Structures are given as structure tokens and as C-alpha cells.
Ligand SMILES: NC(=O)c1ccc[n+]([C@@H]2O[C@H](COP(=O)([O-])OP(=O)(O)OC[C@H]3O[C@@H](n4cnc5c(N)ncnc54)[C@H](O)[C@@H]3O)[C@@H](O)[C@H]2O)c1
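Have a look below at one chain only, the form deposited without nicotinamide-adenine-dinucleotide, in C-alpha cells format.
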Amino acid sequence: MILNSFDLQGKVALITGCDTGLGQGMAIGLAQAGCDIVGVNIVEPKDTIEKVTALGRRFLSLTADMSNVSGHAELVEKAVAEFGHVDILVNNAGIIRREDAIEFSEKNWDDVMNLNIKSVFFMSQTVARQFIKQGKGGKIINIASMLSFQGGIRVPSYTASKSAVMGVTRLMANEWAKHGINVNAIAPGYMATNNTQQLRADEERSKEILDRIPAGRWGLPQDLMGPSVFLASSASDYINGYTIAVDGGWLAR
């Protein structure tokens, strides 16, 4: 019965960057679907912990800098120690730096690439090793962007990193699908989170964007709950290496 395929009871999901915004939404969604949650954040995600534990699920809160690739194994080991296994990885921890491309600093390049693509590859590798050890497959959900498809402006390292995310998602699937590992990505559209706060404070810019969203509204963290559960579940077993836009029709227009 197909509805059972979406049920994540007994599963363990590790989500990086789930104190706020989109990551918090995905953590709560996965928990509502039955997952126990391992968070990796720079600060204790108090609100997310409250919401997850209110569902009767467990939350293991790890505090770490995801850009430090030497630390990833330890994060996964803690998760495996508590729950016995890790089944789902959501590589949501990311940053953005805005600066004219002609002036763009090496720091704004390195900081963004280090987190948005390098740490994503290496955390995926770390968790995939654990999936292979367990022998029961696994799910990796990367977070792409509209700037995986379009160039944008003033964010060269962001566009580079997010375009790279879409590419490496393909390669990871190619190599690991044979182990029952599904590596896919979600490309959120224009979502009303802290990352579009400047844009939305400008009435004229805000309307310019909104009028180009067919759905006629901004995305919210809630909009990623269903897509993330879907991609984390057996309901999407023959989807692999693919980026799904959750954009209210942005790319369609």
C-alpha cells in the first residue's frame, strides 16, 4: 500500500543547518514522517529541538563547523552510536556572499565553496561509507538553487557551488545507486527566509520577483517538508541523481 512507502518510522536523518529557515522545515518534516533527527549546527537549535521532541521523536544536537572535513567522521560516529544507524543525509548547511564579481574577494570565494560544495561532497562521502557498512541503502538530499540553472549576479562562488552541487549529485548517484543509495537534490525557488530578507525589504524588487513566480507567492520552509520526505523515502526509489525544483514555477516562466 503506497502510503506506507512515505512513512519514515524507525529512520534516522542527519540534517546540517537546521536551526532556522529551510533546514528547520526539513528537519521538522522528516520528524513528522517518523524520523529521529541528528542536527549539525553552529548553535543549539532550541526551537527545532522543541518542535521535534514535541512529536515524540528524538533529536541529537551536534555543534560543529561543517566546513571542517576532518571532523565529519566523528559527527557520523556519534549519530551511529546513539541510534545504531543513519539512513538519510540532508546537506543543507550553506552560506552566500554578495559582492560585485569584478571586486570579488578570495575570502568570499573560499568560504562559500568550502561549505556549499566541498563539505557537501565530503559529508556525502562520509555518510555513504556508513550506508555501505550498514548494507540497507540510504538517502542523500543535496540543496541546489535557482542559481544551479541561472547565473544570477554578485554571487559568483554561490552560483559556482550550487551548479557544482547539481553536477556532483549526478556523479554520486552514478557510483552509489548500485548500493541502493539515492542521491538527489532539491532546488528551492525564492523562499521567504533570512536569505531573501534584503530583497523583500525592497517593495519594488520584491514585487518584480513575485510577479515572475507563477504560484503567486514566496516559498516557505513548509514547502520543503513533502519533497524532502518523498526523496528520503522508498516512494522515490527509482529517482536518482536528479534535481527537483520546488520553486512555484520560477524555472517554468
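Numbering starts at 1 and follows the sequence shown.
Stretches 243-251 and 4-12 differ in mean CA B factor, with 4-12 having the higher one.
When 194-202 is weighed against 31-39, 194-202 comes out higher, by mean CA B-factor as recorded in the entry. The PDB entry assigns the greatest CA B-factor among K107, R170, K162, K118 to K107. Taking only the listed residues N184, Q222, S228, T53, the entry reports the highest CA temperature factor at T53.
Sorting the modelled residues of the chain by their CA temperature factor places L60 in the middle third. The entry lists a Cα temperature factor for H85 that places it in the middle third of the chain's modelled residues. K133: CA B factor in the highest third of modelled residues in this chain (values from the PDB entry).
In this PDB entry, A215 carries a Cα temperature factor that places it within the middle third of its chain's modelled residues. Remark: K178 belongs to the highest third of its chain, ranked by C-alpha B-factor as recorded.
What follows is about the form solved in complex with nicotinamide-adenine-dinucleotide, which we do not show.
The candidate spot formed by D87, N174 and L231 is out of contact with nicotinamide-adenine-dinucleotide in the entry with it bound: none of the three has a heavy atom within 4.5 Å. Contact annotation: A101 falls outside 4.5 Å of nicotinamide-adenine-dinucleotide in the entry with it bound, judged by heavy atom distances. Taking the partner from the other structure, nicotinamide-adenine-dinucleotide in the entry with it bound has a heavy atom within 4.5 Å of a heavy atom of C18. Using a 4.5 Å cutoff between non-hydrogen atoms, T193 counts as a contact of nicotinamide-adenine-dinucleotide in the entry with it bound. Although the partner is absent here, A64 lies within 4.5 Å of nicotinamide-adenine-dinucleotide in the entry with it bound, judged by heavy atoms. With nicotinamide-adenine-dinucleotide left out of view, the stretch that reaches within 4.5 Å of it through heavy atoms in the entry with it bound is, among 49-57, 208-216, 31-39, 64-72, 64-72. Interface residue among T169, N182, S157, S145, judged by heavy atoms within 4.5 Å of nicotinamide-adenine-dinucleotide in the entry with it bound: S145. Only one of the listed residues (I141, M123, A93, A79) places a non-hydrogen atom within 4.5 angstroms of nicotinamide-adenine-dinucleotide in the entry with it bound, and that residue is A93. Shown without its partner, the chain has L115 as the single residue in segment 103-117 with a non-hydrogen atom within 4.5 angstroms of nicotinamide-adenine-dinucleotide in the entry with it bound.
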